[PDB]
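>
Protein chains: 2
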Amino acid sequence: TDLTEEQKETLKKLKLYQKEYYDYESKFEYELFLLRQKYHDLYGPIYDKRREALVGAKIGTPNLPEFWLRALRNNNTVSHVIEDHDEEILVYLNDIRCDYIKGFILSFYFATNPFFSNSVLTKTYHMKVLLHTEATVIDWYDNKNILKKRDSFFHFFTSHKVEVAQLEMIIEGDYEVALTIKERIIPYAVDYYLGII
Amino acid sequence: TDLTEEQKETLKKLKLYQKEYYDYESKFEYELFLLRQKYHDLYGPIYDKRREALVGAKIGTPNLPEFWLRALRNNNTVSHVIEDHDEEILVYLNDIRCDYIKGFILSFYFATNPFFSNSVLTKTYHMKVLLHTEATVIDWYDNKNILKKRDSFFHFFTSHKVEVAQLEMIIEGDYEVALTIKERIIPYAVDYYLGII
Numbered sequence: 033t034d035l036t037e038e039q040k041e042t043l044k045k046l047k048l049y050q051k052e053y054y055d056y057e058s059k060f061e062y063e064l065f066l067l068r069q070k071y072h073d074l075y076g077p078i079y080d081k082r083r084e085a086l087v088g092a093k094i095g096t097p098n099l100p101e102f103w104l105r106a107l108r109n110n111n112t113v114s115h116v117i118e119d120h121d122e123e124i125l126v127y128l129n130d131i132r133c134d135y136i137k145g146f147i148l149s150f151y152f153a154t155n156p157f158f159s160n161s162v163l164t165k166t167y168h169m170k179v180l181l182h183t184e185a186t187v188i189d190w191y192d193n194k195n196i197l198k199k222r223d224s225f226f227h228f229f230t231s232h233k234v247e248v249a250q251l252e253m254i255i256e257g258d259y260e261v262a263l264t265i266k267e268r269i270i271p272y273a274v275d276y277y278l279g280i281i
Numbered sequence: 033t034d035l036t037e038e039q040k041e042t043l044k045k046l047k048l049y050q051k052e053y054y055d056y057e058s059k060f061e062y063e064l065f066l067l068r069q070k071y072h073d074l075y076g077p078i079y080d081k082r083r084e085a086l087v088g092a093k094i095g096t097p098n099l100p101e102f103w104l105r106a107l108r109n110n111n112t113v114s115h116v117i118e119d120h121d122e123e124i125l126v127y128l129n130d131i132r133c134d135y136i137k145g146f147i148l149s150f151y152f153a154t155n156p157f158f159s160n161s162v163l164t165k166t167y168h169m170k179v180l181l182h183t184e185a186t187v188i189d190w191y192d193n194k195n196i197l198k199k222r223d224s225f226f227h228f229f230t231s232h233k234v247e248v249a250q251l252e253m254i255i256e257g258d259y260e261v262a263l264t265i266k267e268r269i270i271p272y273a274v275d276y277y278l279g280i281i
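Chains as they are written, first to last, in the authors' numbering: chain A, 33 to 88, 92 to 137, 145 to 170, 179 to 199, 222 to 234, 247 to 281; chain A', 33 to 88, 92 to 137, 145 to 170, 179 to 199, 222 to 234, 247 to 281. A prime marks a further copy of an entry chain.
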């Protein structure tokens, strides 16, 4: 800008070097994408084996009753959004999975149950940093909508986009829960069940 | 525990699968360590070239006056801890570098200056999650200790370990600054200088 010609040259050289930094950084970012994908695929079979052993019925994880409810209960962050009335519903939980959008999408698989007909409840987090969320609409059976009667874990399946403090607080807490399920509950489920974490 | 023998078997299988998860996870963590090291070494020469072009004198970055002060100023987080009196000292800044402990260590290289004799001021962050910090003691020249006369950027070079809210707040803000310098200022210095971020 208003530098001496000599300094202008120095500045151009720095931009040149900075351009070099960005090139290497893009390549690192790429190798990071590869790395996370590779292991995501290596974890997949391990998750399916657990599901298989757990599910093999009109009850969640029949080969190990209340598996997910207890794993979720044993995690501080998630335990805070689970109420006593939510427990009779969560015992029907067969599996929780995380998938990339063909952001990420969390899926909650439920066995046939007297609360809602959905065999699966999903939550999609759209991100670049959160953009917006999409939740499946729960098809509650007559008089079973616990959201009516109050606070409930199932408020998690509520779609959001972007008073302000109110919205920020809600979106923040929701994303925190989702992140915990995605990075903690799913990767270390049984250890939470056993409560050894 | 108090499961049927059948469920006990299911639980053992899950621990087996979980053990498999941890094995793969350890291998991913290892490949992540490699990845970050590799690029750390690829960035090194790029940082040294910038220093070389900037420094080539009794003034910081003589080939481009006030380079680091301006880069630091143009970053919101860091700009908040820089006072007007700190500027006459920061203009002597020749280079800022980040190194792994042979956690990480931030080094601030200063040209000969009338404020302190130290040719380098470092800050060491010990971590597993912060354990404790080590800062070089500044050898201020007579009547030059700006920390006496108040708030100053140089309070950054203060050692900490672990009333409680007071300590938490201080440690938190300090680590936030360090992180910004490490991940933002150093990797994208010139772009901050130009203020295009």
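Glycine included, C-beta positions come from ideal geometry on N, C-alpha and C.
#1: Got a sec: which bits of the region 56-75 of chain A' sit with their beta carbon under 9 Å from any beta carbon on chain A, in order along the chain?
#2: Which bits of chain A' does A/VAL187 rub up against, with CB to CB less than 7 Å?
#3: So, is A'/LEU125 buried or exposed, given that buried needs 16 or more other C-beta atoms within 10 angstroms?
#4: Would you decide whether A'/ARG68 is buried or exposed? Buried here means 16 or more other CB atoms lie within 10 Å of its CB.
#5: Going by DSSP in three states, A'/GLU247 sits in which element: helix, strand or coil?
#6: Examine chain A for any beta-carbon lying closer than 8 Å to the beta-carbon of A'/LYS45, and answer yes or no.
#7: Just the Cα atoms here: how many angstroms apart are A/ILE281 and A/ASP275?
#8: Going by Cα to Cα distance, which pick from A/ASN110, A/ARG105, A/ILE147 and A/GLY76 is closest to A'/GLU52?
#9: Quick one: list the residues of chain A' neighbouring A/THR42, beta-carbon separation under 8 Å, in chain order.
#10: Identify the contact partners of A'/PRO156 in chain A, using a Cβ-Cβ distance below 8 Å as the criterion.
#11: If you check the beta carbons only, do A/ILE196 and A/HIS120 fall under 8 Å apart?
#12: Kindly say whether A'/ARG82, judged by its beta-carbon, lies nearer than 8 Å to any beta-carbon of chain A.
#13: Check each residue of the region 261-275 of chain A: if its Cβ is closer than 9 Å to any Cβ of chain A', include it; give the result in chain order.
#14: Give a yes or no on whether the minimum CB-CB distance between A/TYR151 and chain A' is below 8 Å.
#15: What's the call for residue 91 of chain A', buried or exposed, on a 16-neighbour Cβ count within 10 Å?
#16: Using alpha carbons as the reference points, say which of A'/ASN193, A'/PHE228 and A'/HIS168 lies closest to A'/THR186.
#17: Taking 7 Å as the limit between beta carbons, can you name the residues of its chain near A'/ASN110, skipping five residues before and five after?
#18: Check A'/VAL162 in the structure and name its three-state DSSP category.
#19: Going by DSSP, what residues sit across from A'/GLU184 in a beta bridge?
#20: Which residues mark the beginning and the end of the beta strand (DSSP E) in which A/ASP130 is found?
#21: Can you check DSSP and say which residues form a bridge with A/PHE146?
#22: So, does the CB of A/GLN50 fall closer than 8 Å to a CB anywhere in chain A'?
#23: Any beta carbon from chain A' within less than 8 Å of A/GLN39's own beta carbon?
#24: On a CA-only basis, which of A/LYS194, A/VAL234, A/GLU247 and A/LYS233 is nearest A/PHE226? Give me that one, please.
#25: So, is A'/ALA85 buried or exposed, given that buried needs 16 or more other C-beta atoms within 10 angstroms?
#26: So for A'/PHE152, helix, strand or coil by DSSP?
#27: Pull up the distance between the alpha-carbon of A'/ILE254 and that of A'/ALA153, whole angstroms please.
#28: Can you give me the C-alpha to C-alpha distance between A/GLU57 and A'/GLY95, rounded to a whole angstrom?
#29: Going by DSSP, which residues form a beta bridge with A'/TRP190?
#30: Would the beta-carbon of A/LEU99 fall within 8 Å of that of A'/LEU43?
Judging by the given coordinates:
#1: Residues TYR56, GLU57, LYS59, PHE60, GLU63, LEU64, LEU67, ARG68, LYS70, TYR71, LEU74 and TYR75.
#2: The premise fails here: A/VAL187 is roughly 32 Å from chain A' at the closest Cβ pair, so nothing lies under 7 Å.
#3: In this structure A'/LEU125 is buried. Its beta-carbon is surrounded by 16 or more other beta-carbon atoms within 10 angstroms.
#4: Per the 10 Å Cβ criterion, exposed.
#5: DSSP places A'/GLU247 in coil when its eight states are reduced to three.
#6: Closer than 8 Å to some Cβ of chain A, the Cβ of A'/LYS45 qualifies, so yes.
#7: Approximately 6 Å, taken between the alpha carbons.
#8: Selected option, being the one with the closest Cα: A/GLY76.
#9: The answer, in chain order, is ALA85, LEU86, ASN98 and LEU99.
#10: Under the 8 Å cutoff, chain A gives no residues; its nearest Cβ is about 24 Å from A'/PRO156.
#11: It is a contact, given that the beta carbons lie within the stated cut-off.
#12: A'/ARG82 counts as touching chain A.
#13: Within the region 261-275 of chain A, the residues whose Cβ lies closer than 9 Å to some Cβ of chain A' are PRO271, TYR272, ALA273, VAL274 and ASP275, listed in chain order.
#14: Not an interface residue.
#15: There are no atomic positions for residue 91 of chain A' here, as chain A' continues from 88 directly to 92.
#16: Taking only the C-alpha atoms, the option nearest A'/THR186 is A'/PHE228.
#17: Cβ neighbours of A'/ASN110 beyond the five flanking positions: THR264, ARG268, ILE269 and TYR276.
#18: Strand at A'/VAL162.
#19: DSSP lists A'/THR166 as partners of A'/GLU184.
#20: From DSSP, the beta strand (DSSP E) with A/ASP130 extends over 128-135.
#21: Answer is A/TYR135 and A/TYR167.
#22: Yes, A/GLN50 counts as interfacial toward chain A'.
#23: Nearest CB-CB separation between A/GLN39 and chain A': below the 8 Å threshold.
#24: When each option's Cα is compared against that of A/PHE226, the closest is A/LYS194.
#25: By the neighbour-count rule (16 or more Cβ atoms within 10 Å), A'/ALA85 is buried.
#26: Correct three-state label for A'/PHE152: strand.
#27: Each residue's Cα considered, the two are about 29 Å apart.
#28: When rounded, the distance between both Cα atoms is 28 Å.
#29: Per the DSSP secondary-structure output, A'/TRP190 pairs in a beta bridge with A'/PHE158.
#30: Yes, Cβ-Cβ distance for A/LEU99 and A'/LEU43 is below 8 Å.
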